[PDB]
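One letter stands for each residue in the lines below.
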Amino acid sequence: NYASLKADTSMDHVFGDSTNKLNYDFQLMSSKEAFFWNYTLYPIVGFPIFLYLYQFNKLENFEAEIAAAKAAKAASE
Amino acid sequence: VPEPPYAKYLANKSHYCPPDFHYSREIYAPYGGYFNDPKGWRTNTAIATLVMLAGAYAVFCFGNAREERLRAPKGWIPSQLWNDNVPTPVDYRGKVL
Amino acid sequence: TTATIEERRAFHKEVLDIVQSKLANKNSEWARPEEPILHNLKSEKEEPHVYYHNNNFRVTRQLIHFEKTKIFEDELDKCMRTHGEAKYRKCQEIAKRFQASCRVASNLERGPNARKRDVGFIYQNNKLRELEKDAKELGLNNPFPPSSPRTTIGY
Amino acid sequence: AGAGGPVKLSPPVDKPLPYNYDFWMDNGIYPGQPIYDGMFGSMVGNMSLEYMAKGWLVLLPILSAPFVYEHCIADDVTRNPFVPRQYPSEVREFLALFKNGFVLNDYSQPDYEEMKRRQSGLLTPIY
Amino acid sequence: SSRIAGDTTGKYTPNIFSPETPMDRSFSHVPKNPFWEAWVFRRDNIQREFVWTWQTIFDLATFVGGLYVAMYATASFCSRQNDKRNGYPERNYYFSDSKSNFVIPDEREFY
Amino acid sequence: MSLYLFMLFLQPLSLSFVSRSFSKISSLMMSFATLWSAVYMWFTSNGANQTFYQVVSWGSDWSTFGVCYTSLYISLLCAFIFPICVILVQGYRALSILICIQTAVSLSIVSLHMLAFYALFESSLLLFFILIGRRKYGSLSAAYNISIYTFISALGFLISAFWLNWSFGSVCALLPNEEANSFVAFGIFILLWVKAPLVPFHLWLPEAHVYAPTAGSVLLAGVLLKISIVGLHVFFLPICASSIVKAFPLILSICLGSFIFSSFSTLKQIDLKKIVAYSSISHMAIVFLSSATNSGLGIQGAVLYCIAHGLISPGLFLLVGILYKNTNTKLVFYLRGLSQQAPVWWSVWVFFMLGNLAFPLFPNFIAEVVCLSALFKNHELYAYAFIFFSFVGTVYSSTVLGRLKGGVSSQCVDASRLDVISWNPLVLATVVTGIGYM
Amino acid sequence: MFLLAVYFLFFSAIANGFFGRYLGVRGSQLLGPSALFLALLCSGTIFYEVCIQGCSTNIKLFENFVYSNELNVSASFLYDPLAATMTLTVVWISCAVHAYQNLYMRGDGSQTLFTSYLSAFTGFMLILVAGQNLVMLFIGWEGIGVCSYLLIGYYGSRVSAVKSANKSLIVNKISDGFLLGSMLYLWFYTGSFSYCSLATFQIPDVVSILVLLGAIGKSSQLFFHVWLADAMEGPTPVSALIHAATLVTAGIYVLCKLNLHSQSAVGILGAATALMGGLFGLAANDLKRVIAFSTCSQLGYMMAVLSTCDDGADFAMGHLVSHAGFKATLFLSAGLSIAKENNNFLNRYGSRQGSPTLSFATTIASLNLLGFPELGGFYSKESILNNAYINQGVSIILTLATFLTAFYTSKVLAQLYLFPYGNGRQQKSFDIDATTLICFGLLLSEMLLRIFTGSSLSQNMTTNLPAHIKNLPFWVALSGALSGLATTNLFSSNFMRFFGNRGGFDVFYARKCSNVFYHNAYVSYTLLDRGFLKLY
Amino acid sequence: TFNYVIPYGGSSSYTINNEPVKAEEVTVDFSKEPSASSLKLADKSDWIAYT
Ligand SMILES: CCCCCCCCCCCCCCCCCC(=O)O[C@@H](COC(=O)CCCCCCCCCCCCCCC)COP(=O)(O)OCC[N+](C)(C)C
Ligand SMILES: CCCCCCCCCCCCCCCCCC(=O)O[C@@H](COC(=O)CCCCCCCCCCCCCCC)COP(=O)(O)OCC[N+](C)(C)C
Ligand SMILES: CCCCCCCCCCCCCCCCCCCC(=O)O[C@H](COC(=O)CCCCCCCCCCCCCC)COP(=O)(O)OCCN
Ligand SMILES: CCCCCCCCCCCCCCCCCCCC(=O)O[C@H](COC(=O)CCCCCCCCCCCCCC)COP(=O)(O)OCCN
Ligand SMILES: CCCCCCCCCCCCCCCCCCCC(=O)O[C@H](COC(=O)CCCCCCCCCCCCCC)COP(=O)(O)OCCN
Ligand SMILES: CCCCCCCCCCCCCCCCCCCC(=O)O[C@H](COC(=O)CCCCCCCCCCCCCC)COP(=O)(O)OCCN
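The structure contained in this document is the topic of the report that follows.

1. Thoughts on the pairing of strand β1 (residues 54-57) of chain F
All names here are of chain F. Of the two faces of β1, only the one carrying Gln54 and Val56 is buried; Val55 and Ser57 on the other face are not. In terms of strand pairing, β1 meets strand β2 (residues 64-67) through 4 bridges, oriented antiparallel. Bridge pairing in β2 places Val55 opposite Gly66. Between the end of β1 and the start of β2, which pair antiparallel, lie 6 residues, with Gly59 showing a positive phi angle near 115°.

Written as structure tokens, this is what we have:
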């Protein structure tokens, strides 16, 4: 029925025993560390987004400043 | 364990097979067995070579039909022997050959 | 521009006459029209016969545009392969025409959300030209590059 | 002998399994491994991430020192003892078009300013 | 102790009374392990161990809702840029409060 | 068209008169004959007739049936994949249920009336409740999930159809109507949101696939998920475009979130059918978003990518069903050494997994290229977002393949002659579409 | 005629991998090498026609491979001067490796499947190189990626090998995602996928960054070099092909085909990669790993040279084609050494009676790696170093990289031949047949022909530099070689440990990136859909 | 539209408007208007009174 739970000890002398076990607790990253690393790596992934945002803001600000100077020049003149 | 009846239909261990290596002989794989060397391999290789050359002939016809040279070669090229659409060579100075 | 109900009903009647004229003679190219039904309707969906006919006309036009763009690309490739290192000078015109065909084909039916297709960077180049003109005349300093003579192989 | 070598079989599980046991990769041969080596368990060379970060902190200033001088401290006039390659006007005008060109740094040229602004071009397409 | 069940000739009969175990499709079935089965049961029924904690709320919000907020902001920015690019008037999107009725561009109009 | 509809009605009809021992053979012949009738419908569909290739009405608005580009592709796909379902299923009860389900689904695709679409599509509600909740190998929870989700979404769609029938006077697609109301737009949208598994209304699909039979899973993945795009192109976009353009940032939010979280949820799977089922959910989002752009590229790309999915995911589900027959297990951790033990099964499994990862010689590549091009036409960032997070699919696919590939195993579990006959058509269709005969 | 080579390689792949039962192990051992020999004749004809005689050809197999609305792409092959050179180099190396695998893989079960993988692997490289449009290049790119996945993980019963294959697959997936983004950008704003209409004089920076990010994947540069070292798990014939021509060179070929790169990024990344690869190869103790880190360093040189001058693309390609030869020789000789000694560690190698051909091939390939004067590698490397003097930061780092390269190359040579025997007193042997001799003869002929024919047109063109500047690389290489022979200590134990861990790029990924990845998976599944949204 | 080439739906001109026309000639309403008590309760001016 079920597979046997008894291990094979034929090759222990050749390749070492299985007594030594892992020290891992099999638990994940802490919530606080995860928040920092998500909110750091995900922006790095979305590097085009920030480039587009920067250039669009630059374009709009230059356009608005041109408009303001145009208003100043067209008011007096 | 007494080998099953179908073991007679299964083939032996090849010369290239290491004597210590054991594999299940019943498993079928399209690329071949664990060490192959079938009987009649020479005829199969000859047939494969014939198919390769026939397909090469067909591909050669197709490519020659679709090989477009729009700029003249600087010198004589081997394709002139088999394809007639090669523009007449013109050298670096500009003289036609 | 205002449409009274009387004019709307009159156009409806005239479109019925058009449909009757089309029905008289069989046509295997009925859904591949060469000319649209001209109208001044607010929404083309108001008159169903005009809607479907002009939709078929638009489809035919777009198919023609796609095949034309493929043609232009073929001559552009041939001209590139012929001249050699003189390609940038001699293929400027054909590339210009090919990119114009691409923009026509894409932009006519881009859709509600789709942006304009900037083949050759013409709209960006125009924006930079306007920005430079305004900055120079108003005494501002432009943080953007000046317009370029050529940005692609053609446009 | 490449084929037929003896192997050790990993013992069958005999205790309740942890929820995240999918982090362990075991094909049945004895030395099972984490899904990504270094995620947990023994560390190669007994070196932690802190050690590697400190080593990188030591290296980066020395590695970056050659690059920072030319890119930042140096200027086009003083980078090199010569001007960029001089070309005929027809060739130079075409070559100056390339944003990634090498004639954009010719400070002798009267179009130096426009060439430099071309070199520092747009980050993203405007349209 | 075993026998061949399948017959290519077509004369196949299932020997339910045979002393020898047939080599049927169950012959190759995987033996299975008790603890692996309980791990499978635990992992599927992980909703039993769900507990509302401030850490759980923090994780759910910061990753799921955070990604939704970031995607919505990016999409809104792209829509604004496209409206500036196309030359359209500012479009009346659902949660944007705009005093313009522009929604769908008129194909006939030149923008 | 008329021949196709007649054969669709003939298949359930034949079961009543067959000997109950000839049922499998008659059902297979009927399925192939329906496939041939679909080929005839394609033959009699002229591309000159640009709007609708064919329209037939049988005395009422409800009986109006027609084929367009999307309808024709989806109907040919279902008629192609049905025979494989027929051979996989044994018993008069199972044959009856599957034949009735296929008749209803295939009549839904060609329907041009929203109310008739609703009536035919939801007729297969109890049949899945019984099918997924079968005695020994079924789960009642999954059947409840799928039935309730479908009922609520379809009832919202029905309410919107009633409002349209009251206001316009008609609910047939062939009559041009436009509405700007958001309540009706949401009523039509919710069905698409649920039927095409889109987060957070995707929970029904996994439980259904795992606890459905292999023929049932093949049909569900192959064509029932595609019914969403028939509804979108036929019954939502023509009338509800203003609302999709108004809500496009929200639509992108939901679609890209579904893609990302479905990809991440796939990583936590230990069951092969669940892995394939979650891959399907991540794949649906690109289709939904590409269509929602309402552009020529988007519609074509979505229908193409639906065809690619309906050729790739049925193959994976079929291979997993074959492996489960051979091994009585679906846990990846139990299955090892499959490369050595099943070279022929492993080759096809790797081929189809490469197809699911959208490699160039597969139809998924062409379809994805077109869909990404449509997204790039809308905005660059839209395409960039989808392209990057596609790497998550590679991680879980590679982990599954690596776990299955090697190890120690004492069982020869390789497919028989019947199994190879079962997937040969899918492999041939995948190759033919991959070289560009989309 | 031009199509024939790809046909021969794909026929070898289909024949060996689908009908290998009929052909047999011997049948592969004939059909493979014979088909690649025929492909070598065809590639030689192509090289003479296109490169020497300046006659480019375009072959359109079929049109409308993808035809959706305006989006239109065709399956076409354009053999331009770059493509002919890469095709010749690739076919020459692949024919050599196919000759090599006849005896090396005889002790392996699936030799026919291995030959089939090798031949399809070469075929996809030639598809990438000869494509006329971006989509054909993407097809070849993904084909070589999948073939590398099926070749590195050939030993499925080893967890390390399959995990290495998964690593390669994932990293390459990220890289081609960036490339697909750049492809979409270029189609949108140029109107086509073909390289002819692809030309843009000014391109926005996003496209350049996407192209560079895609290229640094296969051409393993920094932050993307993790897979190359782990790629040692595969059989030796795989390592030779992947490191010599098929995988690593593809990024450089893409960067040279489309000159959309930015000078500032490429030079810094290349110089950093060269220095780091040399430093990593210093610590390594496997024979095979040192050669991979040297491959990384040479890739760094080639990437750096693009920033220097207009001829940088030509210089990079010349170093590419020169590097393929002696690197392939180094892997093949290392693999034979491992088979003869049953060992992978440099400590236990030593002087032992062997074949004169193999030792000479190892010596000459290592001399080309070092920079020994009047050799094919020497010219292609001095063309880079001398022309990089204008970029002061790049030049310094490349000169230190030359020192490190000389040091570990000489250390490997001394440990393999000059050092006393270090292995045990056991019967170990690998007798070499005439086929392996023909393989090494082919490599040696490539090396010798490289000297007479050259690598670039501007190889011997004067760089107007002072003599002490021009001959400096030789002195640095000589000093590195002399220090390597003495086996002196160059760095403290802390930095030696740091370099042995390859900079800890993988440990950072493990501890932060993978844990965040699986915590995102935990939040998505356990907390949300099987948690909050699951009924009792 | 029901085709893969041009976008689905349609567009209406914003410049062009259609004159309203009555649904019927004489309008008879059976829906009563809000009562004064409803308007009083709905009034939120004085928060105490509204509460
Ligand atoms: C268990 C399996 C065992 C059997 C194995 C079978 C082995 C299969 C052999 C592989 C076939 C490779 C051939 C690839 C070319 C695809 C063939 C093809 O598509 O036919 C073309 C004709 O083109 C050809 O014949 C190509 C010639 C093939 C031979 C050329 C040299 C062979 C080298 C292979 C390189 C091909 C790379 C192409 C990458 C896409 C149809 O022409 P059209 O009428 O224009 O069709 C319309 C186009 N579309 C399909 C997109 C709708
Ligand atoms: C471009 C036009 C010409 C196209 C020709 C393509 C070249 C050959 C294409 C043949 C079909 C490609 C898909 C084949 C099935 C995929 C599975 C496979 O390739 O290998 C199978 C089994 O292989 C086969 O039986 C069939 C392979 C025949 C030839 C395969 C050539 C390489 C495939 C080409 C890559 C496909 C490209 C897709 C992306 C462009 C599994 O191999 P492993 O996982 O490594 O395990 C094997 C056992 N061992 C552990 C010992 C290694
Ligand atoms: C030549 C071009 C550049 C090549 C690459 C250079 C990379 C330089 C980045 C490292 C230099 C700055 C490091 C930050 C300062 C930290 C110094 C102390 C480190 C420390 O205390 O915490 C560490 C945090 O990991 C960390 O420090 C991770 C920060 C790394 C930032 C991401 C940059 C990519 C790094 C990839 C290669 C670098 C590998 C080494 C970082 C170990 O954390 P712990 O495990 O003990 O935490 C406990 C688990 N609860
Ligand atoms: C209870 C549940 C919720 C609780 C937890 C929520 C915590 C999350 C909050 C932060 C989320 C990320 C930040 C996005 C929102 C920023 C604030 C919104 C306001 C806003 O739109 O500003 C824009 C943000 O930039 C942008 O356009 C977005 C930039 C950030 C996106 C990229 C970073 C992650 C990349 C990962 C991929 C995700 C996106 C994929 C497409 C720039 O202002 P404006 O110029 O646009 O003018 C618009 C006028 N306000
Ligand atoms: C003016 C009105 C103001 C608002 C008032 C709101 C009042 C509440 C309205 C809720 C209506 C939703 C009806 C669905 C109820 C959830 C299902 C019942 C839960 C349940 O225990 O059902 C079990 C299995 O169901 C399952 O397994 C199904 C799992 C959950 C189904 C998911 C719900 C469908 C999707 C929800 C949203 C869809 C889009 C919404 C627009 C079977 O129970 P039993 O048969 O054994 O009987 C034994 C009795 N304990
Ligand atoms: C919170 C995020 C939103 C979640 C939705 C995500 C994306 C779904 C988009 C689907 C696309 C078409 C659907 C049309 C609109 C649906 C929801 C759009 C967002 C929304 O709620 O806008 C509201 C208007 O819609 C409405 O007034 C009706 C909303 C829908 C009603 C909900 C249930 C209706 C069921 C009816 C059944 C069928 C009935 C048929 C008669 C309020 O926005 P606002 O314009 O007032 O701006 C005020 C801001 N300051």
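2. With respect to the interface of chain D and chain G
Counting residues at the interface gives 50 residues for chain D and 58 residues for chain G. A buried area of about 4500 Å², summed over both sides, lies between chain D and chain G, and 64% of it is on carbon and sulfur atoms. The three residues of chain D that bury the most area against chain G are D:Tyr36, D:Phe67 and D:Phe102, which together make up 14% of that side's buried surface. Across the salt bridge formed by G:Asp310 and D:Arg85, the nearest N and O atoms sit 2.8 Å from each other. The interface formed by chain D and chain G includes 23 residue pairs in polar contact. Elements with a contribution of two residues or more to the side of chain D that touches chain G: β2 (33-34), α1 (49-73) and α3 (89-97) of chain D. A per-element tally of the side of chain D that touches chain G places α1(D) first, with 13 residues.

3. Some details on the packing of aromatic side chains
Scanning all chains against the criterion turns up 93 aromatic pairs over all chains. Where G:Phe2 meets G:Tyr79, the ring centres are 5.3 Å apart and the plane angle is 65°; that geometry is what we call edge-to-face. Note that G:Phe2 is positioned in the segment before α1 (4-18) and G:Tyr79 in strand β2 (residues 71-79), a separation of 77 residues in sequence. Both residues of the pair, G:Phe2 and G:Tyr79, belong to the buried class. Taking NZ or CZ as reference, C:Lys116 lies 4.5 Å from the ring centre of C:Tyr123, over its face. A cation over an aromatic ring shows up here: E:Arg43 above the ring of D:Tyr19, its NZ or CZ 5.4 Å from the ring centre.

4. Section: the site of ligand 6
Taken together, 17 residues lie around ligand 6, and E:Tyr94, E:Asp97, F:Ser160, F:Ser182 and F:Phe183 are the ones closest in. Those chains with residues close to ligand 6 are chains E and F. E:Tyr94 has a polar backbone atom sitting 2.8 Å from an oxygen atom of ligand 6. At 3.0 Å, a side-chain N or O of F:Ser182 approaches an oxygen atom of ligand 6. Contact with the protein chains covers 63% of the free accessible surface of ligand 6, which is 1100 Å². Broken down by element, the residue count for the shell around ligand 6 peaks at 8 residues, all from helix α8 (residues 182-195) of chain F. When grouped by side-chain class, the residues that make up the shell around ligand 6 number 12 nonpolar, 4 polar and 1 charged.

5. Re a nonpolar patch on the surface
Residues and elements named next belong to chain G. Nonpolar side chains collect at one region of the surface, where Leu418, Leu472, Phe474, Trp475, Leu478, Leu482 and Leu485 lie side by side and expose about 680 Å² of accessible area between them. Sort the elements by how many residues they give to the nonpolar patch and helix α20 (residues 472-485) lands first, with 6 residues. With respect to the helices, strands and loops of the structure, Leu485 is situated in helix α20. Given the relative accessible area of 42%, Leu485 is considered partly exposed.

What counts, and where the lines are drawn
Residues numbered from 1 in each chain as written, not as in the entry; some residues may be left out. Chains lettered and ligands numbered in written order. Part of a larger assembly, values for the part shown. Heavy atoms only, no water. Buried < 20%, exposed > 50% of the residue type's maximum accessible area, 1.4 Å probe, protein only. Helix = DSSP H or I, 4+ residues; strand = E, 2+ residues; numbered from the N terminus. Pairing = 2+ DSSP bridges. Contact = heavy atoms within 4.5 Å. Buried area = accessible area lost by both parts, 1.4 Å probe. Salt bridge = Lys/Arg side-chain N within 4 Å of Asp/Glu carboxyl O. Polar contact = N/O pair within 3.5 Å; in protein donor to acceptor, adjacent residues only side chain to side chain. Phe/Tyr/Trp six-rings, centres within 6.5 Å; stacked < 30°, edge-to-face > 60°. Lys NZ or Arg CZ within 6 Å of the ring centre and 35° of its normal. Near = heavy atom within 4 Å. Areas by Shrake-Rupley, 256 points an atom, 1.4 Å probe, with all protein chains shown as cover. Nonpolar A, V, L, I, M, F, W, Y, C, P; charged D, E, K, R; others polar. Patch = residues over 30% accessible without salt bridge, like charges linked within 9 Å, V, L, I, M, F, W, Y side chains within 5 Å.

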